[PDB]
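What follows is a set of notes on a single structure, which appears directly below.
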Number of protein chains: 4
Amino acid sequence: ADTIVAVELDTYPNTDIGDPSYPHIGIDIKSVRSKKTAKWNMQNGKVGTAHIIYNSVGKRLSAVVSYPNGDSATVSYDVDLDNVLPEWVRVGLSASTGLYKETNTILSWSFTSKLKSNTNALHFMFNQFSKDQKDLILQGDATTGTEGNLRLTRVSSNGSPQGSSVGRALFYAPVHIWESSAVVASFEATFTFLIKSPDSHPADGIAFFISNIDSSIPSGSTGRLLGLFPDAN
Amino acid sequence: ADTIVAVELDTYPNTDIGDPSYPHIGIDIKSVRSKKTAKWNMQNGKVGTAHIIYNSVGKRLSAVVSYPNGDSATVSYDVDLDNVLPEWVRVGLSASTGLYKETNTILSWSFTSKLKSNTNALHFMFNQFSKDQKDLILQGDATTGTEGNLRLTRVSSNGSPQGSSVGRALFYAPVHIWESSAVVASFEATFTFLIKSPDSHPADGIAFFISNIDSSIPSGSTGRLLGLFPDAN
Amino acid sequence: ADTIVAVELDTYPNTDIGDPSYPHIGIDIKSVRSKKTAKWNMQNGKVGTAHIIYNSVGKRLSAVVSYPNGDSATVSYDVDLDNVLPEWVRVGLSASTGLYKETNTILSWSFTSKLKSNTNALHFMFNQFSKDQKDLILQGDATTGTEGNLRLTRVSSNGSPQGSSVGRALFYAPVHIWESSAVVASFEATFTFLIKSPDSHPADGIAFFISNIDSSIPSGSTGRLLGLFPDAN
Amino acid sequence: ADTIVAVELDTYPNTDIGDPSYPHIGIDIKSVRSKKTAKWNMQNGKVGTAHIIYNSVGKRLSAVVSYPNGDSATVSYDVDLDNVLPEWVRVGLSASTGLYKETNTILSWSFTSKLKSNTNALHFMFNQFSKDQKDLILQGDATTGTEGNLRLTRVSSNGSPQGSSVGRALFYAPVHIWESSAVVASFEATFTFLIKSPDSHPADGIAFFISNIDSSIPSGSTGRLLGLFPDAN
Ligand SMILES: OC[C@H]1O[C@@H](O)[C@H](O)[C@@H]1O
Ligand SMILES: OC[C@H]1O[C@@H](O)[C@H](O)[C@@H]1O
Ligand SMILES: OC[C@H]1O[C@@H](O)[C@H](O)[C@@H]1O
Ligand SMILES: OC[C@H]1O[C@@H](O)[C@H](O)[C@@H]1O
Ligand SMILES: [Ca+2]
Ligand SMILES: [Ca+2]
Ligand SMILES: [Ca+2]
Ligand SMILES: [Ca+2]
Ligand SMILES: [Mn+2]
Ligand SMILES: [Mn+2]
Ligand SMILES: [Mn+2]
Ligand SMILES: [Mn+2]
């Protein structure tokens with residue numbers, strides 16, 4: 001039912017559903033089988049940053065994920081998002097653990113959407129999330145804590161990522177991400193994250209996603225479905 | 001019930017409830033009887049611009065309303081808004097006609113809210129409103145048209161401001177307008193408007209306002225209550 | 001000597017040096033023979049808008065030029081600008097008339113450059129230029145007038161574009177347009193222009209360009225060299 | 001000769017020239033004897049943040065300096081800066097040691113200037129300074145290092161603040177800080193700093209300042225003159 005576009009930070013290779021056999025970042029257009037991926041060295045316990053960039057001129061959706069040591073992974077995909085997304089969307093962040101697990105801590109998240117004609121703009125920046133974050137819609141296991149973080153997946157009292165968890169935070173306001181009369185419709189989103197695991201292998205990752213506004217966590221979408229898709233089609 | 005802070009562009013002098021005997025801009029803190037006003041020459045049928053500026057450092061809320069010929073009216077009031085507003089608010093625009101009437105056309109509206117610590121930010125800009133504006137909450141008579149305008153009060157098919165009308169548009173997302181740990185909590189809001197009247201005297205004006213998030217149009221708040229207050233206390 | 005990257009709004013087809021046989025927008029990398037162009041219907045006497053967008057992730061430089069009736073022309077080119085431009089640049093606007101002529105009036109110009117690490121940012125917006133614009137470097141025939149415009153090419157007292165004219169306005173501050181440790185280095189530039197001609201055919205166009213900081217108008221670079229190149233190589 | 005407006009972070013009480021007998025932040029209008037000050041607990045070796053905020057509506061210039069533990073000091077002064085500053089200015093940061101000394105390390109500096117009519121804007125952000133910072137004008141002892149810092153006063157190879165030092169960094173581009181037709185002319189500037197001393201008492205402080213564009217370090221303006229004034233008048 002939901003239309004999803006997403007950038008996934010995919011920590012766990014689900015080879016039987018498309019993933020490459022490494023941790024990877026992915027552009028996902030209406031399917032968890034990414035249209036495009038890049039090998040990504042997730043750095044356990046380090047604070048990472050994702051940048052997602054799209055404009056309707058170049059019609060190239062790009063993401064880059066880096067860490068402070070400067071290793072960074074980048075992915076791009078040429079796609080006309082006007083053809084994919086409804087005019088109004090919500091934007092958000094999504095995370096999963098499955099059998100294997102990890103902290104899916106967002107430390108900051110920012111987003112800018114513009115429509116420039118022949119301008120409407122939405123921008124939010126969160127560098128600190130709060131306990132009762134009234135412009136965020138939390139779903140599933142996502143919590144904002146007093147440590148100023150967005151914890152997208154269940155952590156246990158004593159600091160531990162719980163498995164089978166799925167959580168999302170959508171910004172409260174619909175965003176008008178395209179308008180057929182706009183000459184430029186662009187969006188940028190940036191988030192920093194801390195994936196930490198003690199697990200044999202971390203899983204399952206974090207995605208920034210854009211969806212129809214009424215979007216919600218799909219049924220059994222934990223683990224490899226990254227809280228975005230009802231299935232692996 | 002609602003806590004209101006507002007800048008009013010008050011086209012019609014309701015002297016029996018505080019107004020001065022001229023059209024005026026006003027800062028309103030929890031009462032339609034402005035704490036501070038300035039004589040304002042509303043220019044009939046011309047596009048005007050309001051700017052509202054507040055920061056928690058100076059703790060001075062200011063507005064200036066100007067037109068293109070450069071006549072402008074300005075008002076300031078020293079007030080600690082942390083003491084007035086709940087932490088989370090909605091922001092919006094409100095308009096009224098009563099016995100006398102006017103177009104209450106908003107052509108653009110922009111808003112920036114920041115919390116800077118020892119940053120969270122929301123910014124929206126509308127330069128064009130659309131028929132189905134999913135990040136706006138319209139109340140009462142407010143409509144967004146295909147002419148890209150926000151028509152806060154009922155206009156009649158043939159271009160005429162109807163009386164007894166009250167309408168508001170709140171931005172969809174709550175805004176976090178103060179946070180006791182922020183060192184600067186500031187907001188700016190800007191809107192352009194076109195008040196046009198054929199009436200013996202225009203009424204009643206436009207306000208930018210900030211309220212509790214669940215705020216709605218008070219009972220019988222048309223005319224001089226500018227769609228903000230249940231009474232004239 | 002100068003390294004140029006530019007988006008040209010090329011009103012006059014110089015077929016013997018690469019142009020297509022129509023008015024065109026072009027991406028120019030170190031040569032006036034554009035790497036990529038798109039047919040552009042210049043609308044005589046109408047206010048146009050150019051948007052130039054680049055980020056080091058997608059590594060796609062794009063421009064779109066539109067007018068209010070919504071006709072718009074778009075061009076994109078995949079290029080790694082880190083390989084082309086020195087780290088510090090100036091940004092600007094350039095215009096030419098030759099044998100044929102036109103007003104090369106810039107009504108507004110804005111620019112945003114960011115370096116985001118694993119942020120530095122410059123943004124300027126001019127919606128009104130002034131007589132003595134101390135953050136602009138004017139070259140050749142470019143003048144800022146009291147009408148708030150940037151007139152890149154000589155106009156005659158009585159409203160007429162003079163021929164053989166070349167003029168540029170560079171923003172005063174060097175911009176740091178790439179930094180090998182930045183994970184995103186992006187820039188956007190936007191300008192509105194009014195090309196007006198009574199001439200048999202308008203010429204020669206407007207470019208937004210990025211150059212080494214000490215860049216100046218090349219010798220005899222009027223007409224088809226758009227004030228950017230010493231020759232047509 | 002120079003016209004200065006400044007916010008001083010004054011670490012050393014020069015009581016014989018106006019200072020209070022504590023470390024203080026100060027608003028300085030054309031004189032080092034601040035028009036207004038507030039006791040400021042400089043936290044030795046900690047990273048501090050200054051915010052300076054002015055708009056021509058409220059006509060209140062404010063600064064707040066805080067540290068991470070949240071102690072913050074605030075100062076405001078009602079002043080019409082149109083009456084004080086020339087239309088075009090440069091903006092910058094200034095520091096001094098005298099007999100007593102301190103590191104005057106700027107870790108980031110940002111500035112936004114707007115003119116809104118009846119908009120021109122300049123914004124720069126430096127979160128990382130570089131060795132050869134081509135949009136900064138360094139004066140006296142100010143150096144940008146490879147550690148990404150702006151070191152306004154001489155530090156010695158082995159980490160030590162040298163005395164008698166004075167250094168400033170002005171942004172390269174003049175800023176148009178007022179325009180008599182603007183209805184709002186506002187500016188915000190933000191900088192983080194690290195003042196560290198081993199000295200019996202730290203001195204002399206950091207100022208953000210705005211000056212005529214050709215401004216330079218006054219003769220013998222080390223120590224208590226904070227690199228802004230030729231004398232203590
Ligand atoms: O449901 C099995 C899935 O759970 C994840 O945590 C594992 O890594 C695997 O993708
Ligand atoms: O209800 C009477 C009120 O209606 C307004 O339109 C008049 O100007 C007056 O304030
Ligand atoms: O120098 C000849 C050139 O001058 C331009 O104005 C003409 O259109 C042609 O490109
Ligand atoms: O020149 C004497 C001054 O030098 C400063 O470092 C001292 O604190 C005092 O203000
Ligand atoms: Ca996977
Ligand atoms: Ca009234
Ligand atoms: Ca040509
Ligand atoms: Ca002192
Ligand atoms: Mn995947
Ligand atoms: Mn009133
Ligand atoms: Mn060409
Ligand atoms: Mn002092």
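If you're wondering about the labels, chains in the structure tokens are A, B, ... by order shown, residues count from 1 in each chain, ligands from 1 in order shown.
When the distance limit is 8 Å and only C-alpha atoms are what count, the residues near segment 60-72 of chain C, minus those fewer than 4 positions from it on the same chain, are residues 57, 58, 118, 181, 183 and 184 of chain A; 7, 25, 27, 40, 41, 43, 46, 47, 48, 49, 50, 51, 52, 53, 54, 55, 56, 76, 77, 78, 79 and 80 of chain C.
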With N, CA and C atoms retained, export the selected residues as a PDB file, in the first residue's frame.
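Heads up, here's the output in result.pdb:
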```pdb
ATOM      1  N   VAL A  57      16.124  18.691 -11.251  1.00  0.00           N
ATOM      2  CA  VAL A  57      16.871  19.017 -12.449  1.00  0.00           C
ATOM      3  C   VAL A  57      17.754  17.878 -12.893  1.00  0.00           C
ATOM      4  N   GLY A  58      18.691  17.504 -12.044  1.00  0.00           N
ATOM      5  CA  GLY A  58      19.654  16.447 -12.337  1.00  0.00           C
ATOM      6  C   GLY A  58      18.951  15.102 -12.286  1.00  0.00           C
ATOM      7  N   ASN A 118       8.713  29.232 -11.533  1.00  0.00           N
ATOM      8  CA  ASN A 118       9.220  29.796 -12.821  1.00  0.00           C
ATOM      9  C   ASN A 118       9.384  31.305 -12.971  1.00  0.00           C
ATOM     10  N   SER A 181       4.341  22.337 -11.417  1.00  0.00           N
ATOM     11  CA  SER A 181       4.788  23.645 -11.861  1.00  0.00           C
ATOM     12  C   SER A 181       6.117  24.174 -11.264  1.00  0.00           C
ATOM     13  N   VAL A 183      10.041  24.580 -10.894  1.00  0.00           N
ATOM     14  CA  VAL A 183      11.083  24.255 -11.856  1.00  0.00           C
ATOM     15  C   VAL A 183      12.204  23.466 -11.154  1.00  0.00           C
ATOM     16  N   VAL A 184      12.472  23.775  -9.895  1.00  0.00           N
ATOM     17  CA  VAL A 184      13.325  22.917  -9.091  1.00  0.00           C
ATOM     18  C   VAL A 184      12.505  22.409  -7.872  1.00  0.00           C
TER      19      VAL A 184
ATOM     20  N   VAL C   7      27.589  28.067 -16.518  1.00  0.00           N
ATOM     21  CA  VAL C   7      26.361  27.820 -17.197  1.00  0.00           C
ATOM     22  C   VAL C   7      26.025  28.993 -18.091  1.00  0.00           C
ATOM     23  N   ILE C  25      20.997  26.755 -23.618  1.00  0.00           N
ATOM     24  CA  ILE C  25      21.734  26.834 -22.381  1.00  0.00           C
ATOM     25  C   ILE C  25      22.833  25.788 -22.451  1.00  0.00           C
ATOM     26  N   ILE C  27      26.383  23.945 -20.365  1.00  0.00           N
ATOM     27  CA  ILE C  27      27.400  23.767 -19.332  1.00  0.00           C
ATOM     28  C   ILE C  27      28.755  23.835 -19.997  1.00  0.00           C
ATOM     29  N   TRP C  40      17.083  26.372 -26.000  1.00  0.00           N
ATOM     30  CA  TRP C  40      16.445  27.258 -25.071  1.00  0.00           C
ATOM     31  C   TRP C  40      15.705  28.348 -25.828  1.00  0.00           C
ATOM     32  N   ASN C  41      14.410  28.438 -25.609  1.00  0.00           N
ATOM     33  CA  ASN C  41      13.630  29.539 -26.178  1.00  0.00           C
ATOM     34  C   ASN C  41      13.764  30.814 -25.328  1.00  0.00           C
ATOM     35  N   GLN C  43      12.956  34.296 -24.057  1.00  0.00           N
ATOM     36  CA  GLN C  43      11.701  35.032 -24.281  1.00  0.00           C
ATOM     37  C   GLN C  43      12.002  36.499 -24.131  1.00  0.00           C
ATOM     38  N   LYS C  46      11.199  39.220 -21.289  1.00  0.00           N
ATOM     39  CA  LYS C  46      10.563  38.609 -20.119  1.00  0.00           C
ATOM     40  C   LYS C  46      11.616  38.307 -19.108  1.00  0.00           C
ATOM     41  N   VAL C  47      11.191  38.308 -17.849  1.00  0.00           N
ATOM     42  CA  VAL C  47      12.083  37.978 -16.771  1.00  0.00           C
ATOM     43  C   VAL C  47      12.268  36.466 -16.646  1.00  0.00           C
ATOM     44  N   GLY C  48      13.508  36.023 -16.771  1.00  0.00           N
ATOM     45  CA  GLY C  48      13.789  34.613 -16.690  1.00  0.00           C
ATOM     46  C   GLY C  48      14.503  34.290 -15.401  1.00  0.00           C
ATOM     47  N   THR C  49      14.558  33.004 -15.063  1.00  0.00           N
ATOM     48  CA  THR C  49      15.253  32.571 -13.850  1.00  0.00           C
ATOM     49  C   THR C  49      16.198  31.432 -14.207  1.00  0.00           C
ATOM     50  N   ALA C  50      17.429  31.502 -13.783  1.00  0.00           N
ATOM     51  CA  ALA C  50      18.306  30.361 -13.923  1.00  0.00           C
ATOM     52  C   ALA C  50      18.576  29.759 -12.535  1.00  0.00           C
ATOM     53  N   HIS C  51      18.589  28.432 -12.454  1.00  0.00           N
ATOM     54  CA  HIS C  51      19.057  27.735 -11.300  1.00  0.00           C
ATOM     55  C   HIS C  51      20.186  26.838 -11.733  1.00  0.00           C
ATOM     56  N   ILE C  52      21.317  26.922 -11.023  1.00  0.00           N
ATOM     57  CA  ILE C  52      22.472  26.030 -11.209  1.00  0.00           C
ATOM     58  C   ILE C  52      22.657  25.248  -9.905  1.00  0.00           C
ATOM     59  N   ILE C  53      22.837  23.940 -10.020  1.00  0.00           N
ATOM     60  CA  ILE C  53      22.851  23.035  -8.888  1.00  0.00           C
ATOM     61  C   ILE C  53      23.965  22.066  -9.156  1.00  0.00           C
ATOM     62  N   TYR C  54      24.858  21.894  -8.175  1.00  0.00           N
ATOM     63  CA  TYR C  54      25.886  20.884  -8.185  1.00  0.00           C
ATOM     64  C   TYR C  54      26.112  20.335  -6.781  1.00  0.00           C
ATOM     65  N   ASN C  55      26.283  19.025  -6.663  1.00  0.00           N
ATOM     66  CA  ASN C  55      26.877  18.481  -5.461  1.00  0.00           C
ATOM     67  C   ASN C  55      27.933  17.448  -5.822  1.00  0.00           C
ATOM     68  N   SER C  56      28.969  17.363  -4.983  1.00  0.00           N
ATOM     69  CA  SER C  56      30.041  16.382  -5.174  1.00  0.00           C
ATOM     70  C   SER C  56      29.667  14.923  -4.969  1.00  0.00           C
ATOM     71  N   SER C  76      22.168  19.093 -18.010  1.00  0.00           N
ATOM     72  CA  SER C  76      22.942  18.426 -16.988  1.00  0.00           C
ATOM     73  C   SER C  76      24.204  17.848 -17.575  1.00  0.00           C
ATOM     74  N   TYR C  77      25.237  17.809 -16.739  1.00  0.00           N
ATOM     75  CA  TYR C  77      26.476  17.208 -17.168  1.00  0.00           C
ATOM     76  C   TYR C  77      27.195  16.629 -15.971  1.00  0.00           C
ATOM     77  N   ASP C  78      27.664  15.378 -16.121  1.00  0.00           N
ATOM     78  CA  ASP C  78      28.345  14.622 -15.082  1.00  0.00           C
ATOM     79  C   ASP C  78      29.791  14.986 -15.216  1.00  0.00           C
ATOM     80  N   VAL C  79      30.301  15.596 -14.151  1.00  0.00           N
ATOM     81  CA  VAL C  79      31.623  16.131 -14.110  1.00  0.00           C
ATOM     82  C   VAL C  79      32.085  16.234 -12.658  1.00  0.00           C
ATOM     83  N   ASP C  80      33.307  15.812 -12.405  1.00  0.00           N
ATOM     84  CA  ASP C  80      33.846  16.013 -11.095  1.00  0.00           C
ATOM     85  C   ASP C  80      34.571  17.329 -10.975  1.00  0.00           C
TER      86      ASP C  80
END
```
Nearby residues (only C-alpha atoms) at most 8 Å from segment 90-104 of chain C, same-chain spacing under 5 positions excluded, as an NGL selection string
:C and (151-155 or 160-175 or 193-215 or 222-228)
Any chance you can output those residues with C-alpha atoms as an mmCIF file, in the first residue's frame?
```cif
data_model
loop_
_atom_site.group_PDB
_atom_site.id
_atom_site.type_symbol
_atom_site.label_atom_id
_atom_site.label_comp_id
_atom_site.auth_asym_id
_atom_site.auth_seq_id
_atom_site.Cartn_x
_atom_site.Cartn_y
_atom_site.Cartn_z
ATOM 1 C CA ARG C 151 23.318 45.598 -15.825
ATOM 2 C CA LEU C 152 26.069 43.343 -17.046
ATOM 3 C CA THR C 153 26.372 44.938 -20.499
ATOM 4 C CA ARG C 154 26.350 48.624 -21.601
ATOM 5 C CA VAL C 155 22.858 49.973 -22.014
ATOM 6 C CA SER C 160 19.243 50.396 -25.552
ATOM 7 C CA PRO C 161 21.660 47.481 -25.376
ATOM 8 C CA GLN C 162 24.978 48.488 -26.890
ATOM 9 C CA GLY C 163 27.029 45.986 -28.935
ATOM 10 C CA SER C 164 30.626 44.757 -28.398
ATOM 11 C CA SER C 165 29.974 44.919 -24.662
ATOM 12 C CA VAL C 166 31.226 42.545 -22.021
ATOM 13 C CA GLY C 167 30.587 42.768 -18.264
ATOM 14 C CA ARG C 168 30.843 40.615 -15.179
ATOM 15 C CA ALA C 169 30.022 40.740 -11.528
ATOM 16 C CA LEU C 170 31.904 38.432 -9.196
ATOM 17 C CA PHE C 171 30.940 38.081 -5.578
ATOM 18 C CA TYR C 172 33.724 39.756 -3.548
ATOM 19 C CA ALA C 173 34.677 36.820 -1.263
ATOM 20 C CA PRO C 174 36.441 33.823 -2.592
ATOM 21 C CA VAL C 175 34.384 30.736 -2.085
ATOM 22 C CA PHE C 193 17.488 38.027 -15.764
ATOM 23 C CA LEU C 194 15.747 40.126 -18.363
ATOM 24 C CA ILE C 195 17.209 39.818 -21.850
ATOM 25 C CA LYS C 196 15.544 42.351 -24.096
ATOM 26 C CA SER C 197 16.414 43.036 -27.716
ATOM 27 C CA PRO C 198 15.034 45.062 -30.597
ATOM 28 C CA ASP C 199 17.868 43.652 -32.759
ATOM 29 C CA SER C 200 17.403 41.339 -35.798
ATOM 30 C CA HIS C 201 18.689 38.644 -33.511
ATOM 31 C CA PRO C 202 19.595 38.963 -29.797
ATOM 32 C CA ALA C 203 23.075 38.123 -28.705
ATOM 33 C CA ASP C 204 25.100 36.918 -26.909
ATOM 34 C CA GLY C 205 23.847 35.745 -23.560
ATOM 35 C CA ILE C 206 24.459 35.504 -19.792
ATOM 36 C CA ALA C 207 26.549 32.955 -17.925
ATOM 37 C CA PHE C 208 26.928 32.092 -14.269
ATOM 38 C CA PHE C 209 30.549 31.094 -13.882
ATOM 39 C CA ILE C 210 33.048 29.923 -11.313
ATOM 40 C CA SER C 211 36.732 30.820 -11.717
ATOM 41 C CA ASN C 212 40.077 31.141 -10.001
ATOM 42 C CA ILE C 213 39.753 34.016 -7.605
ATOM 43 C CA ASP C 214 42.020 36.490 -9.524
ATOM 44 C CA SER C 215 39.981 35.892 -12.703
ATOM 45 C CA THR C 222 32.957 40.103 -26.165
ATOM 46 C CA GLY C 223 30.164 38.522 -28.263
ATOM 47 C CA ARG C 224 30.261 34.765 -28.469
ATOM 48 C CA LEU C 225 33.026 34.267 -25.870
ATOM 49 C CA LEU C 226 30.441 35.470 -23.319
ATOM 50 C CA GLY C 227 33.114 37.272 -21.314
ATOM 51 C CA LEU C 228 34.522 33.942 -20.098
#
```
Can I get the residues close to ligand 7 as a count of residues only, where close means within 6 Å and we count only C-alpha atoms and all ligand atoms?
7
Where in segment 26-81 of chain A does DSSP assign strand (DSSP E), given as a PyMOL selection string?
chain A and resi 26-29+36-39+47-55+60-66+72-78
Residue neighbourhood residue 81 of chain A, 8 Å, only C-alpha atoms, exclusion window fewer than 3 positions, as a VMD selection string:
chain A and resid 56 59 84 to 85
Store the residues picked out above in a file with N, CA and C atoms, as a JSON list (two decimals), in the first residue's frame.
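Result written to part.json:
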```
[["chain", "number", "residue", "atom", "x", "y", "z"],
["A", 56, "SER", "N", 15.12, 17.77, -8.77],
["A", 56, "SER", "CA", 14.40, 17.44, -10.00],
["A", 56, "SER", "C", 15.05, 17.88, -11.30],
["A", 59, "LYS", "N", 17.92, 15.02, -11.45],
["A", 59, "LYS", "CA", 17.10, 13.84, -11.27],
["A", 59, "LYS", "C", 17.92, 12.64, -10.87],
["A", 84, "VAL", "N", 7.37, 8.69, -9.03],
["A", 84, "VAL", "CA", 7.36, 7.68, -7.99],
["A", 84, "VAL", "C", 6.51, 8.07, -6.81],
["A", 85, "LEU", "N", 6.69, 9.29, -6.31],
["A", 85, "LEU", "CA", 6.09, 9.72, -5.03],
["A", 85, "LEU", "C", 4.82, 10.54, -5.17]]
```
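Coordinates place atom CA of residue 232 of chain D at a distance of 12.3 Å from atom 3 (C, counted along the ligand's line) of ligand 4.
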Counting only C-alpha atoms and all ligand atoms, which of B:141, B:28, B:2, B:16 gets nearest to ligand 2?
B:16
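Taking only C-alpha atoms into account, residue 134 of chain A lies nearest to B:177 out of the set B:106, B:5, B:115, B:177.
Atom CA of residue 35 of chain A lies 27.4 Å from atom CA of residue 122 of chain A.
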In Å to one decimal, how far is atom CA of residue 148 of chain A from atom CA of residue 87 of chain B?
16.1 Å
